[PDB]
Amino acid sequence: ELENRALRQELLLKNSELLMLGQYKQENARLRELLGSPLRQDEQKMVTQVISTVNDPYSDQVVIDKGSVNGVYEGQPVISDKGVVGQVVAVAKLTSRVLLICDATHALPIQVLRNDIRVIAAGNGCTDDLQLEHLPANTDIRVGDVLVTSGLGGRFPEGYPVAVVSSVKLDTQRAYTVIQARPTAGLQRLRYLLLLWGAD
């Protein structure tokens, strides 16, 4: 079982990153004090496993092994190690269905890490990248830009990675920029996910 130590060393490698995170979180708390703002509070998190995909050919959903008896709620965010995966759309008592962010009925408010541009990112089917709202011609948004949740829908906590801009194209005829972004989370062959609750 080489997998035991492969996991152990990947965990060891996270330490310098985790220490750096600690410093950022402490500084953030100091800054929010000085500016009279309430401190950030950690989310509560719960590991969940994908049982199956919904074999609906027109919707991209998976079933997870947690439900109302575990406190799952409609609209609750779901993430993986690499980023946002989706949200809970239907809760049974032991299981729940999660709509994936690349589903065409899924839309998420996001922000560009680099320069704070805010825009909705909508799914277009999990065969394609996410589609941002059309932006003005002179918008400074770049392939490679990291898109994180803005929280402005009151649904997702602000700051989790969603996607990396993959395409920025000017439509000279119609005078706007067309932007697509590729999710950072793997959205195929899912196993373990995290449900998040904001603190109360």
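Numbers follow the displayed sequence, beginning with 1.
A.B. asks: Using only C-alpha atoms and the B-factors in the entry, which stretch averages higher, 24 to 32 or 153 to 161?
C.D. replies: Comparing averages over the C-alpha atoms only gives 24 to 32.
A.B. asks: Between 144 to 152 and 54 to 62, name whichever shows the higher mean Cα B factor according to the PDB entry.
C.D. replies: Between 144 to 152 and 54 to 62, it is 54 to 62.
A.B. asks: Going by the entry, which of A185, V178, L190, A181 has the most elevated CA B factor?
C.D. replies: That would be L190.
A.B. asks: Using the temperature factors in the entry, find which of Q41, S166, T139, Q131 has the highest value at its Cα atom.
C.D. replies: If I rank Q41, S166, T139, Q131 by C-alpha B-factor, first place goes to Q41.
A.B. asks: In terms of the CA temperature factor given in the entry, to which third of its chain does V112 belong: lowest, middle or highest?
C.D. replies: Its C-alpha B-factor, which the entry lists for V112, ranks in the lowest third among residues of this chain.
A.B. asks: Among the modelled residues of its chain, does the C-alpha B-factor of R118 lie in the lowest, middle or highest third?
C.D. replies: For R118, the deposited C-alpha B-factor lands in the lowest third.
A.B. asks: Rank-wise, by C-alpha B-factor, drop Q76 into the lowest, middle or highest third of its chain.
C.D. replies: CA B-factor rank for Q76: lowest third.
A.B. asks: Within this chain's modelled residues, let me know which third the CA B factor of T95 belongs to: lowest, middle or highest.
C.D. replies: Within its chain, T95 is a highest-third residue by C-alpha B-factor, going by the deposited values.
A.B. asks: Against its chain's modelled residues, does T127's Cα B factor rank lowest, middle or highest third?
C.D. replies: Highest third, going by the recorded CA B-factors of the chain.
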